[PDB]
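To begin, one chain is listed below as structure tokens, in the form deposited in one PDB entry.
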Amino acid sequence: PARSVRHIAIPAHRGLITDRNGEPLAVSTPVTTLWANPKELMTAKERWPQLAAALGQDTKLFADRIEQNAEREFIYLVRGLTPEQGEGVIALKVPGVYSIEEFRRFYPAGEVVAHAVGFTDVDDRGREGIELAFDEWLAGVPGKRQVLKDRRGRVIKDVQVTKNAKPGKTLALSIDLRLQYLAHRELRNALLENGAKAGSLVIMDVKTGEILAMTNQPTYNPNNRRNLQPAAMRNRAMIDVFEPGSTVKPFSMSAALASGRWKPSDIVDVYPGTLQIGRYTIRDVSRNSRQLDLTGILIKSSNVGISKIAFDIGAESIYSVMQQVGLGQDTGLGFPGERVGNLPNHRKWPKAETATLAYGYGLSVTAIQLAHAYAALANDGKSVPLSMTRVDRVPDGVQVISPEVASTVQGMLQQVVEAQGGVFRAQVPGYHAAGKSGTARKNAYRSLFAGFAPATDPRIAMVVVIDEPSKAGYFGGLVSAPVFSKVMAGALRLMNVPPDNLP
């Protein structure tokens, strides 16, 4: 053809991702892509080696790429390039060679919030994390303009803009970058201290449903993804599913206290620390007990004690609490690769399954779902939907556990924390804290700690997961208690929460 009118897309600026206080997490930054019109280059062959060398490219390979891509009017040369870096190559005045400003994401907090924020592909489209989940919101709408191209498809005239570009929208996450740094730093130190391979830490605001922090290890620099492995890319808090084990006993206990049949001072005989159910044997972590009250069943974490309570109240009451606080359920966050786990139902709950459910072997959950469940218990038994975006108007939420029962369980979990002395305590200085440790079998396990503070008027729920630690104590869950202590202490101070353990 002697001429053609073509479309050129006008790229939109992608919206700013910030933390809840407007700290930048994902910023569209100007980049200059040197591009070439092969069809024009074929007229200036004596310039090629100076160009090649200016692109660090091999003179013969470059001359080859230009001969092969010859009946083409566009090739990329250096799609990275900064504002200026093209100007030095453009100063060469080679015919068929061009610079443009595009946009490319920069992630100022880097590895600290890699999994939450995610990243864009080389086409500036969401690939992982928030970047993918909110791609439409952030992307905006490419503009378009009509150009008249000569017989090489090079622009002679701009005819009209047919559509102006619409910038993408700013997005404020729920994430508090100050708490995220604290969590990231303290999880990394715990994994080193404890010789562990991986882990997760989730912080939630129990009143708003907001995810204040979500850190996984290992992590990755989203600015430099060259030699990344699947291990480091794994958003474990949302995709690793596990049996919550001892950490769900508080839900079983909530069902017991709602039933009309149990009070905290009631006694169960758990001797001799086993209970046979046909061919299955329930076995306690410690087997030195006879009578325990309901608080003691959580302090000792007796599987037999919670199983005997379950047989009495029926699995259906326990299933119903676990379902209502979201265990094995869709969070609605629509994060890419987010797992829902599994909360088995039955018409007729068999005896083995009644017990296993009650001590957290019947089901599978994510660290996010476990944090959300603890939020409901901390929030006087009211569940508030999860958010990874800043919550200005708090949704209604659902009363799933009576405030009275929630208050009683909170007080039992404070006693669980007060029972542990020494270096593996979850005790939070200046505050009353509440929580339950646990292990999940994968020999190897995940160390779990779930809790909330302040215990008498809760603000923050936290789940710690430490994947195969090497600190081989009898109680593997306690490896996660000091991390909870340090990160809870820091989070309450950063959020100016008044101490509830004064003299």
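Think of the rigid core as the biggest set of C-alphas that the two forms share within 1.5 Å after superposition. Residues that one form lacks are left out of the comparison. For every residue, the number given is its place in the sequence shown, counted from 1.
The following text describes the form deposited in another entry, which does not appear among the structures shown.
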Only one of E353, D312, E316, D150 shifts its Cα by 2 Å or more between this form and the one not shown once the rigid core is superposed, namely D150
Quick one: core overlaid, is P454 moving 2 Å or more at the Cα between this form and the one not shown?
no
Using a rigid core superposition, assess whether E87 undergoes a CA shift of 2 Å or more between this form and the one not shown.
yes
Has the Cα of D392 moved 2 Å or more between this form and the one not shown, judged after a core fit?
no
I need the moving stretches between this form and the one not shown: superpose on the rigid core, then report runs of 3+ consecutive residues where each CA shifts by 2 Å or more, in sequence order.
3-12, 30-104, 140-166, 419-424, 471-478
